[PDB]
Amino acid sequence: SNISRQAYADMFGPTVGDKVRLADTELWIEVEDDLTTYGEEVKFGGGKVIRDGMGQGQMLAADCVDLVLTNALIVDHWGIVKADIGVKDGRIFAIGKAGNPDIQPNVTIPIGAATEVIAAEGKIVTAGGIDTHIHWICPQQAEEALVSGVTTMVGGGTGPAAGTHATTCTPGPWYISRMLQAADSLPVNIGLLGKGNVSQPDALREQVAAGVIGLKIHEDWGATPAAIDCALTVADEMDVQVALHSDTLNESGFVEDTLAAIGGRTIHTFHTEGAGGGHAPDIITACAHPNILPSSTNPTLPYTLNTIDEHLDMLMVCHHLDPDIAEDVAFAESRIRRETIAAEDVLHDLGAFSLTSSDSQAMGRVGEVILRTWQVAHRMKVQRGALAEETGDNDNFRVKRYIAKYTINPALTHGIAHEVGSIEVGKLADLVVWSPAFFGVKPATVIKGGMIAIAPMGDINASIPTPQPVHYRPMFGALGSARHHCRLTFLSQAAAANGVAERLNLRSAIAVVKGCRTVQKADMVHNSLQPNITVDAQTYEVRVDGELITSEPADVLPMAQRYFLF
Amino acid sequence: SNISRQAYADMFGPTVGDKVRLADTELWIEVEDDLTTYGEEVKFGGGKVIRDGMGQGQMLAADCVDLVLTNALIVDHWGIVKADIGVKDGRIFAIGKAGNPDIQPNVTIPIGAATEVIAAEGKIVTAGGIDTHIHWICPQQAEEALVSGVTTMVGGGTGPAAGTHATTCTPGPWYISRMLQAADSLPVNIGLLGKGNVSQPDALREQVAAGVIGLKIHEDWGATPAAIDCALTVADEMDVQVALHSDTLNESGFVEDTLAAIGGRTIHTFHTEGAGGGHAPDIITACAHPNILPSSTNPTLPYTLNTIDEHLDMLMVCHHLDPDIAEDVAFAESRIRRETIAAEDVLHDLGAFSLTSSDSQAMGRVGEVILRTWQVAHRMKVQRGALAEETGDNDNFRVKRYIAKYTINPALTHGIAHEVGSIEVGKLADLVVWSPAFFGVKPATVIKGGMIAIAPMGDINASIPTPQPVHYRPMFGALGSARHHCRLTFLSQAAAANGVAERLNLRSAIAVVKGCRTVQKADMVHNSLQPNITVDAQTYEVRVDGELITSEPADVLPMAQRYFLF
Amino acid sequence: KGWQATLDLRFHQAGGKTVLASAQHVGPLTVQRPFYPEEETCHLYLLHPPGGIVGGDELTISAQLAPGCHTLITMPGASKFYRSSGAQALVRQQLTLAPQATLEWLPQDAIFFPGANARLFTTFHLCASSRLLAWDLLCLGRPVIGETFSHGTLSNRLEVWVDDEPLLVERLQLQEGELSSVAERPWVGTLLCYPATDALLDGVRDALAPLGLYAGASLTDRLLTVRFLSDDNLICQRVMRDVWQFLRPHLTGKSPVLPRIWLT
Amino acid sequence: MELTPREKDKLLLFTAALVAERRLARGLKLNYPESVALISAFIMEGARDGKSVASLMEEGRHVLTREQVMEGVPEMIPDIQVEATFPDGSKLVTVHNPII
Amino acid sequence: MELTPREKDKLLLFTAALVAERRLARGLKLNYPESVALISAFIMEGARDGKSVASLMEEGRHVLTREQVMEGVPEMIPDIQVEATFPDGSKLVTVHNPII
Amino acid sequence: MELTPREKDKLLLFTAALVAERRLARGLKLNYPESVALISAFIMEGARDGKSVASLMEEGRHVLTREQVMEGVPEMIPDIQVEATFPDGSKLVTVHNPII
Amino acid sequence: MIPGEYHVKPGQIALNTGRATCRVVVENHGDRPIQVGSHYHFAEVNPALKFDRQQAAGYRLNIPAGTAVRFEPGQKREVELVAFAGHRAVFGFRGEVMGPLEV
Amino acid sequence: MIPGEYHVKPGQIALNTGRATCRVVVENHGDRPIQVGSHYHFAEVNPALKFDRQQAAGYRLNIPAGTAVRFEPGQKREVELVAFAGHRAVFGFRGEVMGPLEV
């Protein structure tokens, strides 16, 4: 038999060669590979394939996957394929064709009695986003990020305190323990960042042994070269990531002194885009070093007409600079220039910037990491056109590069890439299912460790789940023991050795961080560029290979007003 | 160097001699003492004092406080000072100057790596209010009171049952255990009150061993002299407080018979203001006895034009008197007179009344204990002028007297003054941070056990915490194990000896009540007056020292309509 | 092209004190909130979130004072003019005073790096009864290190109009190459005070003594104008502050207390 | 704003009363929740205006007539209690037989 | 609709501003929460219309005058921040001294 | 009122539709959530009036035209389901291609 | 501009390529229509359907997966059958085989 | 009636009374302004700033706490320094002392 390709796309989603436009953007992904056999696809509902003896096998529970996402359009840093996903014991068991091996030709995902089916026909399944710059100001962020498609959050804070309002530092073993205990109530994987602005190594060692997976160096606590050196030495000893938010006052020296203090050791630098500060625009040059992992907060992504006008009050509130105090406005001269903001988007496009963090509720929006990343991708597609290394009339390479900015690169940076980060065998089943019309804006489902954590539910009293009002609600994947079993808490190796998990009675599963101290710029996926970038502090003319870098501000953006009520 | 006092007040808050007006009232507090050194104050945010090697020391986590409230304006029964507050291990470690002892002259609160900073510049920090008359009708009260600034709630109930709607009694060991288990889910310190209206001591002993910290004698269960005597004997044996709501029917006798049945033993009497009842107005005379601790519910505080008109239906609903039943309205003759209501405010001003409870959701509002106390203080300041023992042109003495009414005096009454009640070393870090424009109405933060419990948060998706809509949300101090570690459950000595905590698997910390049976009227702070008060049952002319006591009803009140939407 | 920045401020009397009625801005020019260190004087700080002014940037500040309004306008830091790539920076300040209005335009010095192609135009429109007390200070180069503004173009134009009549037109134009007007003095300072008398002129001349013979004060049509060239950055600012402190009580009847943004 | 939970509950009541008053303007006969919400919001707005508790108790009985509500609704509403923030603090207003 | 939690919060703000604008139409003097809600909703509606952030910053100071709000309210509102979805994404609008 | 949770959800939908209809009155082009809320509340109010389910299905396709909503919105809304309390209990109304 | 729109290149998709194929004629002798899914073992369909069931052993309907063909009462429909794949072991349906199809 | 308003009595607040005091002249040789906080050890400031650093050892800026002085490029600013207190041990900054200032 044979059917029209349009009918096949309607029934099972796009196959090889079909192009899907992401939500109201100019990015057209193309299905590179199909891992199924035509005419043997598994589909659920009524008299369809997935039934007893037809699509569901006779194997026992240990021989079949616990969950199967059917006919998914997997978009990931390793490719854009069409396949089914089999999840077993809360982890991704296999990627390929699902069904009953008894009567189907090539089945690698055996569907049995113990299998629950999630229909992903005509839907895009991506890995859960990872947010590595999160201010733990309120627990309501955890839900919000989860609605946005972010499943792992790495950051510090103790609540709406003065320190948390400015820095992502959970200071002290007591507050680290309290935040670790509170993390059990949030339906997201959580990693804690300590306070690294200390010249005494013993305090940093105590913080790391308390359970933080990384040390944060921030200007507000003092980003002096001595503190940077001490934190880097402690991290080298204890194998944790170091995040640097270098001082914008030039108090202890210029950016050259900070780079010398780093001394070629791996460090994850925020605000590398030079969106205001004493080190701007020279800090952008830091993206050319192999040991520097450059991130970028979302508020300056992408370049828009309204970007500059909102920066001053945001900075003043974030850094506790009261406009009512005359001496405070002396710090309002943030040295923010539109040239660096325009260059940041192009640097993201070229792969010079490897990460897209949030800096949530402190110069950054927690729920707009994926959204603003795809807005930047759309803007770069509109302005610079197709990339040099694109095959065919599709944006597959650019989509892979940008989806790696918030899925796998943050995972590699903080040493959690062995558990989460991408859709691979053995990874935690942190999946986000989008409808293509709502990709990057509003997911159709967020699967957290094999269970649906949050989903758009309609009226509870309705005879079906669809009727209005439809809004996002936490499902059984975010309830007590079920939430504890379907989430991860990341700890340092010393914390796992010290038995912190049982001392605090952490109900959630424990994952140990490893590999932070060896990741380089080359290890970043699709963002390993180390350009010969030059910038003039007088003209702010950012150049790579002698060519100007510029971007025009966006007047209208996709995924902004078509989807959100307010 | 030298700066203008106005600039110093703007930067660090008021210093010695400056006057701060409480929220839209006529009360002006004055900073009596300053515990800091001029020019060495610690401030956070940007390039400021609290940084590595400048305000933050090199000491280990065991040698520095976990949290520091900086430049706080501490208002408490022991004074109105300006100082920093250092909290360690969830308890107040010190009050004084904070900073780095290495480079600062006189530091008693060492700030180190393990220290989280809360900026209280230009803010008033008070002890968490204590509510000793709470009907546990719904758990939503616990948040509401926490929003109002009350951190400790002492009361009884089993939910919206007929008994709870009228009395604060948790009947029986089964319901006591269930309420103790449910208390772990509420972000407030909780003490339970049993049912004392029993002539058999064994039942009362069983209730006390179940875990209640006090016995409640109420008319609706029968406030007969036999029950009062039995409950007082049991409490004397077992060292628990007795709360009395004397019978308003004169069924077993007049107020003289009740006082004789008490027999000089310590008792905490509700409705002593005579806001309706058979014992009114004679029950007011009970404020003259050393063993009587007189409380007062908020609805009759202060005297207003609308106070009387709302009393009848409130009383009938509270006491389960159905207006649809003809025989029920025979109890509508509450014998409420405006003379006693007017005299209650003046008795509070003179210190004759020591406590201001709530009687929540049964003739009383849970969220308006602090607010109505300060409204009464403002009314007395407006009518009676400055107090006799006021020093300077401030209201410091009156402010201390009225803040002792809901912070320390309730703590002493129920024997929990060794853990909570005031801002002192060793106390639980139950702090409320107000902005002066919102003092007594809407806190800027509620710190519960060294961790922020509830706070006003704006948009979660916002780039900063301030943007609208701002409303109160529970922070990490009210999440699972973090909530359990940052709250106290009070139990009787017998309950602690019996191992009730481990039998019920109480996850929260356990505090044992002591000192209930020895507190007298003299032990009350700033409210130890025992006036030679006389009242005539015919003319209702309340007199102290032969002088008339009267008050005029308030047509308009502060902290009422300027702040609340509805 | 160029990064256009425009700010328009309208002040008026309200509640017995001067208030910022309107602050309409586009681009990188912002005004957050006036301060009131004194009774009714409106202390205002114009923020320039970008530190320097690169070539091609066009700043346009406009101020309008209502009758009976007293304001003190300051910047919280010097204005840096970076080396230009070929495009010139246009700074255009236009200030209008109603009758009885008082204005203290006290900006920080403008530091011109070598090779900075810039053009400044500050004009004051006054009535007969208006009161003005302003200065304009330029630092040509970086004298402490040795840079002496070898190249670049500068055009500093300053005008004063009283009832639609040009009372003073001070022009300082520097061409690329050596500079003869400055005469090895990279600090060019100008002081303006519209209501002035001969006693004020004598007091100012007394205050200009530590600055030497390069400081000259002239009173024409009641307007006192002080022009000076210096090369120390410490005598210059001290003299400017001293002259302002001497003129403040005689013009606005206020204490000479410095604005808090100057850090004492 | 710093909306307390009680203010959020009052906002919910306000929304319900908006529904009720729009339906009343449409000419429908209000049911039990619509009538309760309409009367409660009338009392709340009157209190915000500055009326006394006694005046509001008197006035709340003339908001909805017997012919403006569904049959049996007036007997399902013996009284309506509502807390409202009068200029002198929060007070309870009880309207007895609000529909006659 | 697929309403995210932020959209629900903004709906709560919209309801509060509905209350505020009805009370303003009644002729009352708005208190602190009413004024804040009214100004924030004005900014949000202007952003939905398509105005720029700078234009909204300028325009938000002319929504409520000093005589339209209770005494002391203007000093209790030094500034109002609000996140609004402009055609170019979500942006922060800060209105300084919104009541003069 | 004794508001059940479903009634609170319907109140949230009503508030969203209030936003949508105010924006439509302003002359804007509604987006996806605004259009969905407006059509759903139209169906709910029609059901409260007393119309039949079939009549509401017919009438729900003539609330918003293609020129009243943003480009691409009509294809983003293949159908709208909503539960509404007709005089004969709660029923599900499905409007197919509500924008044409 | 349609959000999330497809751009499917024109053509046909050949289903179940390289598998044994057959044609059968089915008569529905029941009083109600009978719907048979794509992957149902056609030899174990409703006994009301009448055809050579020996030939249909080990075969399913050669139709796109997830679809079902409908046999109206009193009709006669010619359908295409495709052989099973994989282990060729059938379990369930009427329980007429309950094991491998061959040996 | 301003809610939560201050009534600050007029006067001056003397800062860092009874401490060793000095005056220095700082020249900013960098191309960008340098902001130095009140409690920063002035002997360990940005090397672009030029002054007698031997004289400034053990001193901080004599300015109100939480403020910072700004040195514009190519300028020359006279600033007031006040000696450290307490144990007089400095840790951090550039790590040029890392211990007590005396002995």
Side-chain angles (χ1 to χ4, degrees), chain B residues 130-133 152 154-156 168-169 191-198 201 204-205 207-208 212-218 223-247 255-273 279 283-296 347 351-357 404-406 408-421 490-494 512-531 533:
Chain B
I130 302 190
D131 216 347
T132 51
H133 206 197
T152 305
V154 173
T168 63
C169 306
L192 282 192
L193 290 177
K195 173 199 284 177
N197 299 81
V198 185
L204 307 180
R205 296 203 198 90
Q207 284 186 33
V208 172
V212 295
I213 76 182
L215 296 169
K216 178 67 182 310
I217 305 166
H218 206 281
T224 57
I228 297 180
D229 176 89
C230 179
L232 279 178
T233 299
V234 163
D236 274 20
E237 282 178 5
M238 288 180 120
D239 188 20
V240 286
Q241 195 46 261
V242 164
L244 174 63
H245 203 281
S246 200
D247 55 321
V255 71
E256 293 83 10
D257 286 335
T258 287
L259 295 190
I262 292 177
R265 294 171 280 187
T266 298
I267 195 163
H268 170 203
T269 56
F270 294 120
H271 205 72
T272 313
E273 79 272 12
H279 296 334
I283 190 49
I284 297 169
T285 307
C287 84
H289 299 75
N291 65 285
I292 307 285
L293 306 178
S295 173
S296 165
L347 286 180
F353 283 24
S354 304
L355 290 86
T356 298
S357 70
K405 281 179 186 306
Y406 65 87
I408 179 64
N409 289 342
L412 289 156
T413 294
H414 281 269
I416 64 190
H418 64 112
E419 293 258 13
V420 295
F490 301 102
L491 302 175
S492 58
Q493 297 162 356
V512 183
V513 168
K514 63 195 170 191
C516 292
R517 294 284 91 208
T518 57
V519 289
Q520 307 278 135
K521 187 62 175 308
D523 288 3
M524 298 285 107
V525 179
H526 302 325
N527 291 263
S528 53
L529 181 62
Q530 301 175 221
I533 183 166

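Lettering follows sequence order; numbering is per chain, from 1. Just so it is clear, the values below take in all heavy atoms, side chains as well, and ignore hydrogens, waters and symmetry mates.
Under a 3.5 Å cut-off, the side chain of B/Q241 and the backbone N or O of B/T413 do form a donor-acceptor pair. Using modelled atom types, no side-chain atom of B/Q207 and backbone atom of B/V212 make a donor-acceptor pair closer than 3.5 Å. Side-chain atoms of B/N197 come within 3.5 Å of backbone N or O of B/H218 as a donor-acceptor pair. B/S354 contributes no side-chain N or O that, together with a main-chain N or O of B/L293, makes up a donor-acceptor pair within less than 3.5 Å. In this structure, B/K514 contributes its side chain and B/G415 its backbone to no donor-acceptor pair below 3.5 Å. With hydrogens and angles ignored, the 3.5 Å screen pairs a side-chain donor or acceptor of B/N527 with a backbone N or O of B/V525. With B/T266 contributing its side chain and B/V519 its backbone, the two residues share a donor-acceptor pair below 3.5 Å.
Between B/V513 and B/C516, the shortest heavy-atom distance links the atoms CG1-SG, 3.4 Å. Residue B/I228 comes nearest to B/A223 through the heavy atom pair CD1-O, 3.9 Å, listed as atom of the first residue, atom of the second, then distance. Across all their heavy atoms, B/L347 and B/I284 have their closest contact at CD1-CG2, 3.6 Å. Nearest heavy-atom pair, B/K521 versus B/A352, reported as atom, atom and distance to 0.1 Å: NZ-O, 2.9 Å. When all heavy atoms of B/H268 and B/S295 are compared, the closest pair comes out as NE2-CB, 3.2 Å. Here the closest non-hydrogen pair linking B/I262 and B/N291 is CG2-ND2, 3.5 Å.
Within the 4.5 Å cutoff, no side-chain heavy atoms of B/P410 are placed close to those of B/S357. Between B/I533 and B/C287 there is a side-chain heavy-atom pair separated by less than 4.5 Å. Contact annotation: the side chain of B/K216 approaches that of B/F270 to within less than 4.5 Å [non-hydrogen atoms, C-beta and beyond]. Taking the side chain as every heavy atom from C-beta outward, B/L204 and B/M238 never approach each other to under 4.5 Å. With a 4.5 Å cut-off on side-chain heavy atoms, B/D229 and B/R265 count as touching.
The six-membered or imidazole ring of B/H279 lies away from that of B/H271, with a centre-to-centre distance of 6.0 Å or more.
Annotation: the span from B/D131 atom CG to B/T356 atom OG1 amounts to 10.0 Å, rounded to 0.5 Å. In this structure, the separation between CZ on B/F490 and CD1 on B/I213 is 7.0 Å, given to the nearest 0.5 Å. Note: B/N409 CG to B/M524 CE = 5.0 Å, rounded to the nearest 0.5 Å. Separating the CG atom in B/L193 from the OG1 atom in B/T168 is a distance of 5.0 Å, to the nearest 0.5 Å. How far NZ of B/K405 is from CD1 of B/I130: 15.0 Å, rounded to the nearest 0.5 Å. Between the CD atom of B/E237 and the CZ atom of B/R205 there is a distance of 4.5 Å, given to the nearest 0.5 Å.
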Side chain to side chain contact (heavy atoms under 4.5 Å, CB included) for B/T224 and B/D247? Distances and angles first, verdict last.
CA-CA 8 Å; B/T224 57; B/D247 55 321; over 6 Å; no

Verify side chain to side chain contact (heavy atoms under 4.5 Å, CB included) between B/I408 and B/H526, making sure each step is shown before the conclusion.
CA-CA 10 Å; B/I408 179 64; B/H526 302 325; over 6 Å; no

Assess whether side chain to side chain contact (heavy atoms under 4.5 Å, CB included) is satisfied between B/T285 and B/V255, documenting all intermediate values.
CA-CA 10 Å; B/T285 307; B/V255 71; over 6 Å; no

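Of the residues listed (B/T269, B/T258, B/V242, B/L232), the one engaging B/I217 in a side-chain contact (heavy atoms from CB on, under 4.5 Å) is B/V242, and it is the only one.
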